[PDB]
Amino acid sequence: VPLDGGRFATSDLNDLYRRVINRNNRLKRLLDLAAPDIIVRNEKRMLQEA
Amino acid sequence: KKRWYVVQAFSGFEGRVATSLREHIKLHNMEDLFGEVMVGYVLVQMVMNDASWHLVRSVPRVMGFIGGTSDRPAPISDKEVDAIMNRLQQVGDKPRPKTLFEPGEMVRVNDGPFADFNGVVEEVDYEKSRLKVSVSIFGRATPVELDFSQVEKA
Amino acid sequence: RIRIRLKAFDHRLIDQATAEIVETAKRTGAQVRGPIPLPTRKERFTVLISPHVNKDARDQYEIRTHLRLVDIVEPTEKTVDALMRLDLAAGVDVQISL
DNA sequence: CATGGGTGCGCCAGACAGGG
DNA sequence: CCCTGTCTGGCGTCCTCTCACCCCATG
């Protein structure tokens, strides 16, 4: 829902879900591109922490 | 012999990280310890001394290397090496299509109001680089001309 | 350069079809050269009607044919957008050559 | 325009080492 | 293995009434 002004005051769960989906899309694209080992380890580790 | 390594930067300031890295090299004049810098990850041709490691992590807006450990970080294990050289040539001489079209062959439209629609190419024109395909719009087939890139092969 | 050919038989049903597609294009694209017709097309066939004799009973029927071409002037990304899966004329063959 | 990353609390309690 | 020290977690009163302010930043 927005506030008086009009800027949408967004919830925290939307930040969390949007982070997980951004990272998951990045990880699918790197497994498409066949990135090396350390890149996809950091990518999966960032998804795990997300 | 200089081997490759992977550097993590603040994603978005990556060109400025690359420029500041080249400038820190030419400041602290370890010119014989750095080969290139390739562009959120920055590829660095390098050798491993602890002095050069402190140099790259003292470059601003750089988090650190990405490897097995932080004592002896890991040379980027790029499976594609000579294949990555051919992949750079693939991106360079971009493999493009002129008029991918065939009679009675179904195609796919993903551009213009006809996007998200399929149809068949009754006629093809490689010289004019145009495919004659009609779309089943409101039942009646709508023969329209679409480019090879404007439509996908089905 | 963009052609909208319309192919049917009668001029008494295509006459509302040339009205619906110039005006709905006017509200969205407003870019059209106007309907330019084509010569009326005739398919006459004399056929024998007596069941086993008499080569004199030849009755003339015809499947009549008409063609009208709209020819919008500019490739508009609003005329085609609103009039893609849309055609008032029923039992008609539309040819939106883009 | 859209995305991308301090240093003043105190007790209980059980799990994890650490001697013992 | 039997006791001893450490290391992290889990927790701390209820209703109300205003106020002020909520992501830069930028090629």
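Residues numbered from 1 in each chain as written, not as in the entry; some residues may be left out. Chains lettered and ligands numbered in written order. Part of a larger assembly, values for the part shown. Heavy atoms only, no water. Residues with missing side-chain atoms left out of burial classes, pairs and counts.

Its PDB record attributes the structure to cryo-EM, giving the resolution as 5.1 Å.

Chemist: When you look at the overall build of chain A in this model, what are you seeing that I'm missing?
Modeler: When helices and strands are counted, chain A shows two helices and zero strands. Rg of the C-alpha trace for chain A: 15 Å, well past the compact-globule value of 10 Å for 50 residues, more than 25% over. Once the C-alpha set of chain A is aligned to its principal axes, its extents read approximately 50 × 20 × 10 Å. Put simply, chain A has 50 residues, and 14% of those count as buried. Carbon together with sulfur atoms contributes 52% to the accessible area of chain A, which is approximately 4400 Å² in total. The distance from the centre of the 10 positive side-chain charges to the centre of the 7 negative ones in chain A is 4 Å. (Helix = DSSP H or I, 4+ residues; strand = E, 2+ residues; numbered from the N terminus. Rg over C-alpha atoms; globule rule 2.2 N^0.38 Å. Buried < 20%, exposed > 50% of the residue type's maximum accessible area, 1.4 Å probe, protein only. Areas by Shrake-Rupley, 256 points an atom, 1.4 Å probe, with all protein chains shown as cover. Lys, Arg positive; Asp, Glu negative; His and termini not counted. Charge placed at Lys NZ, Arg CZ, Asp CG, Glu CD.)

Chemist: Looking at this model, I keep getting lost on the UniProt feature "domain: KOW" in chain B. Mind explaining?
Modeler: The UniProt record annotates "domain: KOW" at residues 103–134 of chain B. Helix makes up 0% of residues 103–134 of chain B and strand 59%. Its end C-alpha atoms lie 12 Å apart. (UniProt positions renumbered as here; feature names shortened; annotations may be inferred.)

Chemist: Which parts of the structure should I look at to understand the interface of chain C and chain B?
Modeler: Between chain C and chain B, the residue contacts involve eleven residues of the former and eleven residues of the latter. Of all the elements in the fold, those that place two or more residues in the side of chain C that touches chain B are α3 (79–82) and β6 (93–97) of chain C. Considering each element in turn, the side of chain C that touches chain B owes the most residues, three residues, to β6(C). Classifying every residue of the side of chain C that touches chain B by side-chain character gives seven nonpolar, one polar and three charged. (Contact = heavy atoms within 4.5 Å. Nonpolar A, V, L, I, M, F, W, Y, C, P; charged D, E, K, R; others polar.)

Chemist: Even after reading the chapter, I still don't get the sheet that holds strand β3 (residues 41–46) of chain B, so can you show me in this structure?
Modeler: Note: strands within a sheet are paired through backbone hydrogen bonds, in either parallel or antiparallel orientation. Residues and elements named next belong to chain B. The strand order across the open sheet built from four strands is β2-β3-β1-β4, with neighbouring strands paired in antiparallel fashion. The outermost strands of the open sheet, each flanked by one partner alone, are β2 (34–38) and β4 (62–65). With direction set aside, neighbouring strand axes in the sheet form an average angle of 30°. With three bridges joining them, strand β1 (residues 3–9) and β4 adopt antiparallel strand pairing. Looking at β4, one finds that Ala9 is bridged to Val62. (Pairing = 2+ DSSP bridges. Axes fitted to C-alpha atoms, helices over the stretch in contact; angles between N-to-C directions.)

Chemist: Sorry, what's going on with unusual backbone geometry here?
Modeler: Residues and elements named next belong to chain B. One non-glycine residue, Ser129, lies in the positive phi region at around 50°. Mapped onto the fold, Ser129 is located in the loop between β6 (117–125) and β7 (130–136). Despite not being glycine, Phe138 shows a phi value in the positive range, around 55°. Note on placement: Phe138 falls in the loop between β7 and β8 (141–146).

Chemist: How do you make sense of the sheet that holds strand β1 (residues 3–8) of chain C when you look at a structure like this?
Modeler: Residue and element names in this part refer to chain C. With respect to topology, four strands assemble into an open sheet ordered β2-β5-β1-β6, the strand pairing being antiparallel. A single partner strand is all that each edge strand has here, and the edge strands are β2 (36–37) and β6. Summarising the sheet, β1 and strand β5 (residues 66–69) pair through four bridges and their orientation is antiparallel. Along β5, the bridge assignment pairs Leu6 with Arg68.

Chemist: Honestly, the arrangement of the chains in this entry has me stumped. Any pointers?
Modeler: Among the two pairs of chains that make contact, the interface with the largest number of contacts is formed by chains B and C. For the non-touching pair chain A and chain C, the nearest C-alpha separation works out to 31 Å.

Chemist: Can you walk me through the pairing of β1(B) in this structure?
Modeler: Each regular strand shows side chains that alternate between the opposite faces of the sheet. Judged from the six bridges that link them, β1(B) and β3(B) form a sheet pairing that is antiparallel. By the bridge assignment, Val7(B) is partnered in β3(B) with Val42(B).

Chemist: Would you take a moment to explain the pattern of salt bridges for this structure?
Modeler: Close approach of charged atoms allows side chains of opposite charge to pair. We note a salt bridge from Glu43(A) to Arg26(A), for which the minimum N-O separation is 3.2 Å. Of this pair, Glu43(A) sits in helix α2 (residues 37–49) while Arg26(A) sits in helix α1 (residues 12–33), placing them 17 residues apart in sequence. Taking the shortest distance from any N to any O, the salt bridge between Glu62(C) and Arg64(C) comes out at 2.7 Å. Among the ionic contacts, a cluster of salt bridges with common partners joins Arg23(A), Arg26(A) and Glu43(A). (Salt bridge = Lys/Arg side-chain N within 4 Å of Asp/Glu carboxyl O.)

Chemist: Looking at this structure, how should I read the side chain of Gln95(C)?
Modeler: Checked against the element boundaries, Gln95(C) lands in strand β6. Setting aside anything within four residues of it in sequence, one finds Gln95(C) in contact with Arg3(C), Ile4(C), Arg5(C), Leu6(C) and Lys7(C).

Chemist: So what exactly am I meant to see when it comes to the environment of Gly64(B) here?
Modeler: Residue and element names in this part refer to chain B. Inspection of the secondary structure puts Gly64 in strand β4. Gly64 sits 82 residues away from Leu146 along the chain, and the two C-alpha atoms are 49 Å apart. For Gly64, the residues in contact, after removing those within four places along its chain, are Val7 and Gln8.

Chemist: Hey, could you run me through the side chain of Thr79(C) in this one?
Modeler: Residue and element names in this part refer to chain C. Among the secondary structure elements, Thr79 is positioned in helix α3. Here the side chain of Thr79 touches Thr28 through a polar contact of 3.4 Å, side chain to side chain. Excluding residues within four positions of it along the chain, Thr79 makes contact with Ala25, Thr28, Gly29, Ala30 and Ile72. (Polar contact = N/O pair within 3.5 Å; in protein donor to acceptor, adjacent residues only side chain to side chain.)

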